[PDB]
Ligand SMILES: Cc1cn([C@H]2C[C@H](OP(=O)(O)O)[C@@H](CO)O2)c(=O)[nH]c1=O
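Only one chain is shown below, in structure tokens, and it's the form deposited without the ligand.
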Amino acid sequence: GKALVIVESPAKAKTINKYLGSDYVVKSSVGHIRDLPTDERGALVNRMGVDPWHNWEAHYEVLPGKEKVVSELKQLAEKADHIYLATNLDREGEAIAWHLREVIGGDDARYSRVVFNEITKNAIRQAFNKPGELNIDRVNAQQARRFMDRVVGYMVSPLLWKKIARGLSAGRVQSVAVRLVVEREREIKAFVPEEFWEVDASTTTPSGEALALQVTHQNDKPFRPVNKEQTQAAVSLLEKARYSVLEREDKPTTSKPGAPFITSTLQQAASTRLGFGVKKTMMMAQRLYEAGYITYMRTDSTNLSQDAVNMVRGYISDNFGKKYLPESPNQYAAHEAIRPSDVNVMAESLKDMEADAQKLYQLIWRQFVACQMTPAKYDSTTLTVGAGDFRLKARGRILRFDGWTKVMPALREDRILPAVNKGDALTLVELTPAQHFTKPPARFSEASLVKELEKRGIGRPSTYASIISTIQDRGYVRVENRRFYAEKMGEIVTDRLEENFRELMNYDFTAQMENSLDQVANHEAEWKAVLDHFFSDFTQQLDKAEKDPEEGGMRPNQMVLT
């Protein structure tokens, strides 16, 4: 018979069907088919679905209402000559393929695992031209992640209900992300703004043009009065000083476009530019991807394929001109960045996509095109003025060539200092002192927390959104006005966990676990051994935590009154 191709959703099924001949039979499994439920204890093991004491034996079970889907897959499998597992390219997608193969049954030789980073004619063609085999190491890396999460969640939570409060949840990485928010909260609560002043001067050039300056030095030392008294004293001197142009430095400068997007940078840009939260961004990215408009949205690679670069350079040449095309392609640094699958498809032409999804595509499209255009050129000028023992400065910049900024929305800049030569005298018109106060560390946004997680090597493209989502509906942290606030229970739990689960809460150790998972995926470590070491250290932490506080156990959430 024909060949059976299995995907995770109706949308992917529809799009891929356009690139698969009649000798194929596309079918979506509609989400996961199997998964986990929802010294030792049977009740605990049964709920977890995994057994840490019996070499990690797991008990997966068909999801509700999926019993029908399995039957349909089997009957389709029998009539099929070969089976192609066309799940997404990440570790989760490899695991989903594994579950499908495991459920449908039959000899492994009957299966193939195709990989593609976008759903287009050529990508699907190449993907099925040389279909690969399921990679057990990647599947094991994904299961290891799931198992460790399940252990912390199901084993730490019961301790929290007894010690702190019923209903509380615990997350392996979730707890660490909350710690970051809590530390930021305490920094802000303890912040004491420092006072500092600035003095600007309005002057006139010999011709009569206006020239604004800021005082930079006094007696050849950084000028920064800390109060009104010191500034007035400075103002008194500046009011009587003779001003003259000390030096004029005119130098060409440039601005470079950013690299194409990756998961983390897309989330930050969409948040800062479009006001989209991480959940909205990733849900819309998925829709754009499954519809065949962009490359896979879970990635940390800024690489661009040769064809993709040729495609965009052709566009830049035809639509902007040779001055916007670099001599050679820009190479930023298997996987690929998040980009339009067809540069000739505009955001306005997308079908079945809501307005905000078109806005996200536009953001992705502009970033992609811009990253292959020439730098913007400016003529920067810096005027240094002398006034008695004071030194003042003025900065200006004139755009010479827009370059890559041409593909971004037109400007609503301000500057262009007047013409002046060394030795020119300036007439003082007015002095304007200003009081300022240092500000407290900025609060995390959903995307900027992801930025922090990535910086510390804690997240992963496939888990940033889930981490952000999970830490919220738990009463530990909350988002208000698009920013995170640590809740009191978040601080209470964080302190308890840092005290009794120091290793688990440590940033470097958590980052190291991500590395361990990568080692399992690359056959540099064995999953059950990694899990044994993890469980060994964990149980030690947990055993001590369950003890009374007088013997080092976790502190109860209470205040004992006489």
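Counting begins at 1, following the sequence as shown.
Enquirer: Missing residues between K251 and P252 in the deposited sequence, please: none, 1 to 3, 4 to 9, or 10 or more.
Expert: Count of unmodelled residues in between: none.
Enquirer: With respect to the deposited sequence, how many residues separating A333 from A334 are not represented by coordinates: none, 1 to 3, 4 to 9, or 10 or more?
Expert: The entry has a gap there, with 4 to 9 residues left out between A333 and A334.
Enquirer: With respect to the recorded C-alpha B factors, which stretch has the higher mean value, 113 to 121 or 78 to 86?
Expert: Taking the mean B-factor of the alpha carbons in each, 78 to 86 is higher.
Enquirer: According to the deposited model, is the average Cα temperature factor higher in 379 to 387 or in 355 to 363?
Expert: Of 355 to 363 and 379 to 387, the stretch with the higher C-alpha B-factor average is 379 to 387.
Enquirer: Looking at the C-alpha B-factor values in the deposited entry, which of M513, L504, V530, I33 comes out highest?
Expert: Reading the PDB entry, the winner on C-alpha B-factor is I33.
Enquirer: Whose C-alpha has the highest temperature factor in the PDB entry: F128, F261, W404, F484?
Expert: Answer, based on the entry's C-alpha B-factors: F128.
Enquirer: Looking at the temperature factor on the CA atom of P222, which third of the chain's modelled residues does it land in?
Expert: Tercile = highest for this residue's CA B-factor.
Enquirer: Should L20 be placed in the lowest, middle or highest third of its chain by the C-alpha B factor in the entry?
Expert: Within its chain, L20 is a highest-third residue by C-alpha B-factor, going by the deposited values.
Enquirer: Ranking the modelled residues of this chain by C-alpha B-factor as given in the entry, is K240 in the lowest, middle or highest third?
Expert: According to the entry, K240 has a C-alpha B-factor in the chain's middle third.
Enquirer: Pull the Cα B-factor of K162 out of the PDB entry and bin it into the chain's lowest, middle or highest third.
Expert: Its C-alpha B-factor belongs to the middle third of this chain's values.
Enquirer: Place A43 in the lowest, middle or highest third of its chain's C-alpha B-factors, as listed in the PDB entry.
Expert: According to the entry, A43 has a C-alpha B-factor in the chain's highest third.
Below, we turn to the form solved in complex with the ligand, even though it does not appear here.
Enquirer: Can you pick the one in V420, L89, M148, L350 that has a heavy atom within 4.5 Å of the ligand in the deposited complex?
Expert: The residue in contact is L89.
Enquirer: To verify the annotation, which of these, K74, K377, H335, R478, has a non-hydrogen atom within 4.5 Å of the ligand in the deposited complex?
Expert: Contact with the ligand in the deposited complex is made by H335 alone.
Enquirer: Counting any heavy atom within 4.5 Å as contact, can you tell me which stretch out of 162 to 170, 280 to 288, 79 to 87, 459 to 467 lines the ligand in the deposited complex?
Expert: Comparing against the ligand in the deposited complex, the contact stretch is 459 to 467.
Enquirer: Tell me, yes or no, whether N140 is in contact with the ligand in the deposited complex, where a contact means a heavy atom of each within 4.5 Å.
Expert: Because no heavy atom of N140 falls inside 4.5 Å of the ligand in the deposited complex, the answer is no.
Enquirer: Against the ligand in the deposited complex, would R298 count as a contact residue? Criterion: heavy atoms within 4.5 Å.
Expert: Close contact exists here: in the deposited complex, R298 approaches the ligand to within 4.5 Å, heavy atoms only.
Enquirer: Since only the chain is shown here, I'm wondering whether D518 would be in contact with the ligand in the deposited complex (any heavy atom pair within 4.5 Å).
Expert: Flag for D518 set to yes.
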